[PDB]
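There are 4 protein chains.
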Amino acid sequence: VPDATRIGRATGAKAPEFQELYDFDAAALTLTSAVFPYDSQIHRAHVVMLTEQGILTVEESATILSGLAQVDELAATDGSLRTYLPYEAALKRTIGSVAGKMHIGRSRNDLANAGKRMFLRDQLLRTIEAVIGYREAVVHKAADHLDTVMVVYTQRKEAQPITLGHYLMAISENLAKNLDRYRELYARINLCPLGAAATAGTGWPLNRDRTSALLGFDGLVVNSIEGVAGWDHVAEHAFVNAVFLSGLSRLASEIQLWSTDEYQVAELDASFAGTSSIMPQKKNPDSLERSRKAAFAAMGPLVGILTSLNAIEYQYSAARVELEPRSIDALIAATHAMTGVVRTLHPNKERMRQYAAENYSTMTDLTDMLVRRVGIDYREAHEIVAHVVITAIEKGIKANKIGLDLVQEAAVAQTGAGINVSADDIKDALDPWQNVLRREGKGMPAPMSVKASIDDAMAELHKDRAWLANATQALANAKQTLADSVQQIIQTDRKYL
Amino acid sequence: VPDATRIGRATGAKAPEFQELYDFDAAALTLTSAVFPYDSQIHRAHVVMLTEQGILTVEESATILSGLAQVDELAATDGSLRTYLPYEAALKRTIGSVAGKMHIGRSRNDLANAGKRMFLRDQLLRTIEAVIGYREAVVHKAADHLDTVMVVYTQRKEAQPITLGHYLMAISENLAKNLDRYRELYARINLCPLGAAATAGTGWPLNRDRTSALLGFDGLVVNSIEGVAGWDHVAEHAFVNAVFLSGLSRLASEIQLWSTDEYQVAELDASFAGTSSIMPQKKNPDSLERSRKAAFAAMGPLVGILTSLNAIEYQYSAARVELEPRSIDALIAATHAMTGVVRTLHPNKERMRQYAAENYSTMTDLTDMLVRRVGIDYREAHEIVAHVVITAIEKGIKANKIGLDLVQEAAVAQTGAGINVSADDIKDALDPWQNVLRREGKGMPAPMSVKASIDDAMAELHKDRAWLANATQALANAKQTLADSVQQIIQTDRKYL
Amino acid sequence: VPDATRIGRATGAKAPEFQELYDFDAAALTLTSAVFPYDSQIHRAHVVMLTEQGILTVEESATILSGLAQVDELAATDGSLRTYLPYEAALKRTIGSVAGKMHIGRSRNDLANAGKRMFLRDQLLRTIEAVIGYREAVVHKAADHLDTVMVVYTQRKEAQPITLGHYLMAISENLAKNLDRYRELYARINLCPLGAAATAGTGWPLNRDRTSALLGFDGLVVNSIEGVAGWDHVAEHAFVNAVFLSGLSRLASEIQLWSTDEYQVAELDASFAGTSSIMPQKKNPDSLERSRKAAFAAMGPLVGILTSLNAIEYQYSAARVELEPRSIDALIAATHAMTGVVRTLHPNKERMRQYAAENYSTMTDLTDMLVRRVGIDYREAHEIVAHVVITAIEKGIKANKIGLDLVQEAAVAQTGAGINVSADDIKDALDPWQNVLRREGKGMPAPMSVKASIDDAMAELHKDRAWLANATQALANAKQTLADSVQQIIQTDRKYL
Amino acid sequence: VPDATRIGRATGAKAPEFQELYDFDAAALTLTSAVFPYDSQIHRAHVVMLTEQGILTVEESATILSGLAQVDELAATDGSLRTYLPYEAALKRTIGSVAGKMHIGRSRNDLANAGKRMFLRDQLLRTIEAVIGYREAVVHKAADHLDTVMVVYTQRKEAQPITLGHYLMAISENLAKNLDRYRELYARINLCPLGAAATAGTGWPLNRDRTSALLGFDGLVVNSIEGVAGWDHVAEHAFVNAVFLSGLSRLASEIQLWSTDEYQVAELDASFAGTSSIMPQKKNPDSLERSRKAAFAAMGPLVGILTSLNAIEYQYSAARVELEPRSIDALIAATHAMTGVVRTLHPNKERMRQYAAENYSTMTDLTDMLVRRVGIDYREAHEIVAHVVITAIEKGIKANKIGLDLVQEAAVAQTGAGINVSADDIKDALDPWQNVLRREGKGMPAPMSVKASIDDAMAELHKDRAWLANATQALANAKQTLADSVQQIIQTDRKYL
Ligand code: NA
Ligand code: NA
Ligand code: NA
Ligand code: NA
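Printed below as a string of structure tokens:
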């Protein structure tokens with residue numbers, strides 16, 4: 005059975021990234037199920053720490069740890085065992101009374117705060133990886149389009165000539181700052197609240213630093229109230245998601261306008277477009293609109309979380325709203341889809357240049373040339389050239405057909421006086437490629453300037469990747485240390501006690 | 005005429021910080037009027053830069069700069085001159101045609117982006133100063149209350165014994181992280197978009213680094229589209245405001261519950277309370293509720309800004325929602341008010357201790373003692389001690405009157421068996437001060453632990469202040485350099501040309 | 005295996021309504037799966053209409069309709085067949101090419117708009133039924149508590165004496181207006197967009213009124229653009245959910261404060277409370293906090309939907325955010341839970357009355373009595389009685405122990421003059437039950453007044469139920485007509501053609 | 005001094021409606037100042053009621069009422085007297101102690117709730133009047149464009165041929181439903197909470213019905229808690245504003261796309277457009293983008309209000325967020341601006357028709373014609389005609405140049421078989437005006453159908469106006485009765501007592 009939506013102009017299959025936008029809702033885990041594996045790791049880390057501290061014997065510890073593996077397997081097909089007291093009860097049914105001792109010095113409150121942090125931590129690295137992939141596609145695309153002349157818009161009106169490369173590096177700069185937001189967040193997420201217990205710590209002699217290290221955290225949430233009451237990192241995670249996706253929505257919208265029947269300066273790759281069940285001419289930007297949809301929806305968790313924090317005291321509270329897996333899954337789907345849209349986008353270079361040459365985006369350079377050549381002030385030059393445009397539109401004269409006579413008449417009609425410039429001066433001013441070449445400062449569209457930005461972006465991308473590799477490795481190392489510690493205890497008890 | 009609201013139990017005058025909550029709405033500037041002085045500085049910096057670059061002669065530059073001072077004075081009492089084209093026109097009426105030349109290589113788009121950044125930058129430093137003041141009050145208060153025993157709550161139910169000092173250091177830790185959020189934001193706000201012009205830069209040979217330096221920026225918004233399209237810093241500013249204020253709302257709510265007629269464990273200072281026009285017994289938490297009001301309202305700009313970004317393309321757009329002065333003014337009023345509330349709050353130490361001793365928050369330590377002394381698992385100890393509470397509540401026995409007989413009977417009723425602990429063991433477990441002393445790990449309420457946190461917080465506060473002083477000085481130095489540069493040009497032209 | 009969370013003070017089982025709060029997230033359908041059955045009904049209604057209009061033969065129609073039943077059964081265990089083109093393709097594989105003809109004069113756009121309306125319509129009736137159940141519990145509770153004297157709060161400070169019955173009728177009045185909001189919404193939801201096709205209707209001679217009637221709609225979305233572009237009803241549904249739940253959050257919060265260890269004027273039934281895994285004394289308001297959680301989360305869809313509408317044109321768009329099943333499911337769970345909380349709530353009548361008698365809520369009546377008896381103006385009486393309170397608090401005198409001497413001394417200390425009232429006058433003023441009896445106007449707490457409100461509410465509840473029964477029956481009748489029509493076509497074709 | 009922004013292509017003056025968008029922020033009242041006049045009316049109504057009830061003598065009443073006029077004049081230039089206790093104190097300084105008696109049976113709580121309701125009530129009628137004006141412009145415009153053929157869009161892609169008249173009647177249908185939302189709201193806003201006093205009524209024998217009638221209310225907020233705690237009407241007002249404005253944003257966006265340089269199917273009137281300070285070619289949609297800005301910002305109050313309600317108990321609370329004058333002022337400015345945009349919009353009829361004829365929106369009718377003429381199923385016809393489009397785009401053939409040969413070849417290439425239709429059949433199918441004429445059902449673009457909708461809309465507009473006139477007159481009558489009553493008391497006391 006082929007994909008039934010791939011009919012008419014929707015040729016070939018959906019891109020995998022495009023398909024993700026249709027799968028995440030049904031596939032999403034509940035927060036409870038997403039967090040559960042991390043809770044299991046926390047049980048191991050906590051028990052191991054209690055063993056170092058002499059609160060549990062190695063014998064007790066080995067019995068508990070073997071039990072945890074058994075209950076974990078039970079919970080793999082029984083969701084009802086994925087919350088704490090049901091899990092603890094299953095453990096008790098499995099290994100007996102000693103199961104109760106795993107909760108010494110601990111609460112569901114700091115367990116839950118830690119488990120959710122571990123989940124969000126993982127998802128943050130997942131997100132950073134996706135955003136890096138997005139930025140890579142944007143920067144690589146830009147590098148192929150240093151001389152792809154096109155107009156930039158302001159207020160959805162043609163403004164001045166740029167290049168597609170120049171436009172994409174605006175997106176790269178946006179993404180660089182969002183990557184900073186995410187990395188800044190990570191430092192606050194990756195703190196361990198365990199040892200706070202209910203909210204006030206415990207008389208038991210815990211070593212909070214050990215539990216933290218065994219679970220890959222880079223530090224503690226120190227104060228025990230902050231350990232269970234603290235939730236700002238959840239709000240912040242939802243915020244960075246929302247603001248990052250708003251930038252993604254803006255790009256999606258930009259490309260959607262570019263690929264209208266009327267603009268026609270770009271075309272989506274077929275693998276990122278759909279069609280209509282009734283209108284056979286449609287090549288629809290379903291990838292773009294579903295990506296925007298995700299962006300809009302990301303507003304929801306942000307507001308829900310902040311509302312819930314505004315509504316309570318500085319306490320542990322079961323009333324706090326969560327950042328849920330399905331929300332993060334939508335972000336990843338949209339980010340992947342837009343990565344693919346950007347990679348495979350088909351610019352219509354000839355039409356791009358035609359608009360740049362014909363629809364008056366070159367008028368600023370005409371105005372600048374008057375100021376530079378004849379020394380009149382910018383406001384008067386502007387009024388002259390505005391008159392040129394008004395007359396050209398009235399007479400049906402494209403910008404690249406404007407010559408000396410039209411500019412003279414406009415000058416006279418507008419100021420009573422002619423103006424002392426040549427036909428060659430005007431011709432050069434109205435050449436859209438020369439508009440691009442003139443704009444050669446930092447961050448401007450001239451190829452040498454955009455190329456400088458790309459070189460800088462490539463270096464930053466290397467650091468983005470290095471940061472991600474280091475963060476990921478730190479967690480992998482901790483998880484290996486923990487697994488090794490668990491096996492040491494279980495095997496030594498089995499054979500040598 | 006005295007303050008007519010200060011009647012009955014509302015004795016004395018409102019604290020100045022309390023009064024701020026009633027004044028900011030009527031006193032708030034429009035964004036246009038708030039940003040205008042920064043636009044004036046930008047005109048000076050831009051003109052000075054054009055002069056270094058040889059785009060303006062020193063003669064032209066001096067004429068413009070003297071004109072700017074004249075129009076600035078006009079605009080001081082004529083709001084209609086506080087937007088760009090009306091201002092430029094007034095300049096032209098003042099010094100003639102050369103006024104038009106100040107706009108060479110520039111747009112309202114990058115002017116506006118820069119001016120708003122300078123406004124928000126200023127407001128951010130204002131905010132950081134206020135938040136530091138808030139944290140100072142919190143930490144200083146905590147230092148006076150290391151042995152002020154009281155219960156902490158979870159889910160608005162008494163949980164365990166802590167101290168007021170311990171509670172306040174949770175707030176300090178919250179504020180430390182919000183100060184990081186704000187400082188992280190500052191680095192993104194303090195980038196100069198000038199030189200982007202409309203959105204694509206300019207053929208004019210600008211030195212973007214000079215303009216940036218003259219206006220106190222620490223770097224550029226490099227890409228010219230990002231220069232005029234970039235708005236995430238506005239969304240981020242609104243977010244940090246919202247999440248910070250949500251923490252302030254939670255403290256306000258906490259104190260409001262503490263100072264209910266039923267809790268009565270704290271009392272607002274009269275200077276932060278009001279009364280009722282009809283009910284003479286009221287001592288109302290108007291300071292707290294108005295502070296929460298500001299927190300709730302801060303949700304509004306955040307949503308409006310993100311909505312507007314989700315709704316457009318990656319372009320300059322006049323449709324973007326702003327962060328307005330009245331919103332920031334509300335934050336400052338609430339932060340100042342809560343600073344004062346915390347400083348002057350009157351704890352009822354005797355009642356705090358009575359609740360800790362009588363209302364069963366000490367039961368966890370009883371449970372821990374059973375586990376520690378007799379080795380039973382935590383879940384069984386918990387069930388025994390829960391039975392103790394159920395029976396004590398049934399019989400009207402306060403926690404500090406629970407003795408050996410009650411614990412034995414509960415143990416037997418619950419498990420069939422007695423339990424082998426002494427009356428002294430039980431007595432020590434149920435002593436709320438000993439509950440506090442037992443909890444002596446990192447971030448826990450024992451005086452030595454909280455004192456460690458305070459020492460750490462005092463060191464961090466010193467760094468908070470150092471950062472603020474350095475940031476402020478950098479702007480003052482730039483503004484002096486600019487003023488000096490303006491006078492050099494004007495005076496040299498006046499006397500020596 | 006018993007419910008492992010039911011330990012210690014969490015005695016017995018969770019109430020079923022309480023349990024719902026823990027089940028809805030995992031049990032919730034996707035919008036696609038929730039809407040699918042309605043899409044199947046729409047296929048039948050559309051095909052039947054095409055048959056009346058002579059666009060399909062009875063032979064074609066019977067083949068399609070039998071096919072729909074077959075594909076419906078396939079889709080029951082294959083989610084991939086629950087969107088339109090995959091479903092249509094399965095139909096084509098089942099009955100052949102004629103399957104394609106069911107889409108004549110139709111689009112996914114008006115199909116989707118109609119199907120979602122039918123889903124939301126159903127959910128709205130579900131919601132109205134739940135809200136009626138909530139109001140019934142509130143009104144029935146009030147009727148049992150006409151003389152249950154207690155204080156009402158303003159700004160979380162004790163204000164004046166009322167009754168629990170009086171308080172609950174405030175909630176009833178709130179719910180009456182929310183039921184109006186929902187019924188008003190229903191009239192806009194229950195309009196049929198089918199026949200709009202893509203957005204501009206069709207040349208095919210449809211009878212839009214037939215399709216509408218067969219699907220239980222009470223009218224058309226007339227204009228074809230509005231048919232596919234219209235989405236305000238979705239935003240409105242999300243809004244009424246949010247504002248209704250905000251009232252539910254406020255009640256939950258009220259009861260949570262009432263049931264604090266410090267207030268102790270009410271106690272949750274055990275079946276609506278949980279306990280702590282570590283603190284054995286806890287009787288936690290999990291039902292209340294999870295209900296508030298749902299209220300907060302309802303903010304999310306509202307913002308997401310409105311953002312998406314603000315971001316597009318007045319067109320069909322795949323970017324619009326939806327109101328999803330899990331959101332409505334949360335509302336229903338919270339509404340059911342709070343229905344049960346209210347029904348089973350245990351007031352502490354003795355403590356309620358003690359607070360009313362002792363904590364100065366009776367001071368307004370003392371003030372009123374001075375004005376009435378001696379004719380002084382309200383502001384001066386107020387200042388005298390405020391002084392009475394200040395002195396009584398200083399001296400540790402409860403309100404019901406305030407006598408003539410204290411009032412005289414306060415009067416003198418405050419105005420220089422005594423005041424001419426008797427000890428009996430004062431005693432009557434400070435009697436909290438007499439405070440209640442004096443307040444006998446419309447909407448006031450006197451038993452005869454609250455009883456009048458209850459009688460009115462019972463009559464309104466009868467009309468609420470009548471409206472619901474009528475709306476439900478109308479849909480049942482339409483669905484029966486449709487099923488009958490389908491069988492007529494299939495059987496007549498089978499036997500008689 | 006002319007408007008300095010009116011340069012270049014920004015010819016003539018701004019339309020007054022356009023200018024409103026630039027004035028409302030600076031001109032907006034504070035809520036306190038907006039509500040104050042209504043509070044003054046409430047003092048009069050309350051005092052008059054107390055006089056009927058014999059609580060005040062006519063002598064006392066006349067002294068107070070004359071005093072109110074005096075303090076009102078003081079407050080006209082002294083904002084500090086616009087809140088209650090300062091006002092009451094000024095009254096006391098003006099007429100002496102008897103001033104205190106105006107507060108008998110009353111609180112700031114029910115005073116404030118009532119005053120805000122009167123303000124919002126007024127603003128609601130203001131809003132309904134503006135929305136009626138908007139709908140009038142839309143419907144009148146549509147009536148002039150019954151044969152103005154143009155394409156409608158879905159997903160920002162050309163869909164099918166309609167008329168501009170047909171499009172505008174979608175907007176009319178939207179506005180009709182928003183007018184229902186507003187009128188439904190009005191019934192809940194126009195209820196009087198006075199007599200609730202603090203929250204529990206009063207022992208004083210008030211006649212709540214008199215006060216209500218004297219202030220133009222159509223009924224009571226009955227329960228006294230609901231009287232001061234009730235706030236849902238504020239949330240609802242903010243919601244209807246937000247959803248109505250989202251529709252306005254969508255129209256603004258639609259017109260903005262229409263008037264892009266690339267679409268060029270409409271042009272804003274110069275009086276609703278601006279230009280650029282740097283780019284002389286710009287004719288900028290400032291009216292549209294500022295209108296959208298208002299729409300986005302309307303999200304803010306809605307979220308702030310609901311957050312505040314979610315955060316408290318069902319009590320009077322000073323923490324509740326308000327709907328403020330500046331927010332409503334923005335709505336009115338945007339509504340007026342868009343009224344003018346619609347009235348003066350310049351369609352480019354020739355280009356509209358050219359797109360309809362050339363860019364393949366007529367393909368659905370080609371597909372329908374195949375089904376109708378040859379009896380093939382819709383899915384196969386669709387695939388054939390999609391192939392026609394693919395080939396036509398490949399070969400550079402506009403839709404109105406597609407003939408029999410191209411359709412045959414597509415049919416063969418796609419199915420192996422030709423198809424039995426004539427050149428005349430194809431020609432008629434591809435004629436965009438005939439596409440419009442074929443679509444002649446309810447709500448479809450055929451002139452006779454749109455004309456029917458206009459006739460219906462004109463009748464509804466008449467009822468909209470009648471409702472508004474009746475509501476307005478009811479308030480004017482009440483205000484006259486009140487003024488007459490005040491003068492009767494003052495003059496009878498002056499001359500006859
Ligand atoms: Na960076
Ligand atoms: Na820090
Ligand atoms: Na009603
Ligand atoms: Na209507």
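Residue numbers (the authors' numbering), protein chains in the order written: chain B, 5 to 501; chain E, 5 to 501; chain R, 5 to 501; chain G, 5 to 501. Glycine included, C-beta positions come from ideal geometry on N, C-alpha and C.
With distances taken between CA atoms, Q418(B) lies nearest to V392(B) out of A80(B), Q438(B) and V392(B). Using a Cβ-Cβ distance cut-off of 8 Å, the segment 288–304 of chain B and the segment 17–26 of chain B are in contact, since at least three pairs of beta carbons, one from each stretch, lie closer than that value.
Residues are counted here when their Cβ sits less than 7 Å from a Cβ of chain B; for the segment 429–450 of chain E these are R442, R443, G445, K446, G447, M448 and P449, given in chain order.
With contacts defined by Cβ atoms closer than 8 Å, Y91(R) and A79(R) form a contacting pair.
Residue pairing of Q358(B) in beta bridges, as defined by DSSP: absent, with no partner found. Neighbourhood of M283(R) in chain B, by CB distance below 9 Å: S111 and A202, in chain order. In chain order, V156, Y157, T158, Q159, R160, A163, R254 and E258 make up the part of chain E whose C-beta sits under 9 Å from the C-beta of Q319(B). A heavy atom of ligand 3 is found nearer than 7 Å to the CB of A180(R).
For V307(R), the enclosing alpha helix (DSSP H) covers residues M303 to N314. Taking a cut-off of 8 Å on C-beta distances, the segment 222–234 of chain R touches the segment 436–452 of chain G, as three or more cross pairs fall below it.
In the structure shown, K353(E) adopts helical secondary structure according to DSSP, grouped into three states. With respect to chain G, the C-beta atom of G16(B) has no partner C-beta closer than 8 Å. Leaving aside the five residues that flank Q74(E) on each side, the residues in its chain whose CB is nearer than 6 Å to its CB run, in chain order, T98. Rounded to the nearest angstrom, the Cβ distance from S281(B) to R112(R) is 5 Å, consistent with a contact under 8 Å. DSSP assignment within the segment 54–114 of chain R yields the following whole alpha helix (DSSP H) runs of 4 residues or more, N-terminal first: 62–79 and 88–99.
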